[PDB]
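Novice: Take this structure, written in structure tokens, and hold onto it; I'll ask about it next.
Cβ placement follows ideal geometry from the backbone for every residue including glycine, while neighbour counts extend to all protein chains displayed. Just so it is clear, none of the values below were taken in a lab; they were calculated from the coordinates.
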Amino acid sequence: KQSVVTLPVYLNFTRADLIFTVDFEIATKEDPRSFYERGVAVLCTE
């Protein structure tokens, strides 16, 4: 019920279908700005 990086989850590689969102913990020296710029996401099928 109750930094941090949020990543979309897509069903296939084309990223045309969004299922749900996942919040991940970022490492010490990494950058959420870079993570958002690089288009990091989660795919269900590949």
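Novice: Go through the range 19-25 residue by residue and turn each phi into a ³J(HN,Hα) via Karplus (6.51, -1.76, 1.60, θ = phi - 60°); whole Hz please, and just put x for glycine and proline.
Specialist: My calculation for the range 19-25 gives 9, 7, 10, 10, 9, 10, 8 Hz in order.
Novice: Further question: Tally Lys/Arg at +1 and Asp/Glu at -1 over every other residue whose Cβ is under 14 Å from the Cβ of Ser3; what's the total?
Specialist: Result for the neighbourhood of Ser3: -2.
Novice: Then there's this: Counting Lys +1, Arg +1, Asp -1, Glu -1, what net charge surrounds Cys44 among other residues with beta carbon under 15 Å of its beta carbon?
Specialist: Net charge in that neighbourhood comes out at -1.
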